[PDB]
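First, one chain by itself: the form deposited in one PDB entry, in structure tokens.
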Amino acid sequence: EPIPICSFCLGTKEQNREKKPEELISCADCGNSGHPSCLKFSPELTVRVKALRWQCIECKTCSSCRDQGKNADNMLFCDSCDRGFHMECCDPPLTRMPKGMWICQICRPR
């Protein structure tokens, strides 16, 4: 169950797709880990997520109100901490889908 392996390349933190050593980001609910390169994570997420309770795409929840359901599936993932936030939970309120990288209110105050 706690097997520290990658779901994309079946490799551990000691060996990546190209035998490259790098820590693995294991889901705090499923325990499934994956390399930042395999998960297409950002340099900030790699260091920002390794120090916080990370959740996979099927576990990611809202940090503002902290809820689940249909709206929880349409939330936005932070490009700085990978925290999910409902479209309406974003601070300030989300006007429209931003073409590019999104960052939660916890990472970018108002």
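Residue indices: 1-based, along the sequence shown.
From this point on, the text means the form deposited with a partner chain bound, which you will not see here.
Quick one: is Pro21 in contact with the partner chain in the entry with it bound, heavy atoms, 4.5 Å cut-off?
Taking the distances in the entry with it bound, the answer for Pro21 is no, it never comes within 4.5 Å of the partner chain.
Is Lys50 a contact residue for the partner chain in the entry with it bound, using a 4.5 Å heavy atom cut-off?
Contact check for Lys50: no, nothing within 4.5 Å of the partner chain in the entry with it bound.
Heavy atom to heavy atom, is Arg66 within 4.5 Å of the partner chain in the entry with it bound?
No, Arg66 sits far enough from the partner chain in the entry with it bound that none of its heavy atoms falls within 4.5 Å.
Test of understanding: in the entry with it bound, would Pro93 fall inside 4.5 Å of the partner chain by heavy atoms?
No, no contact at 4.5 Å.
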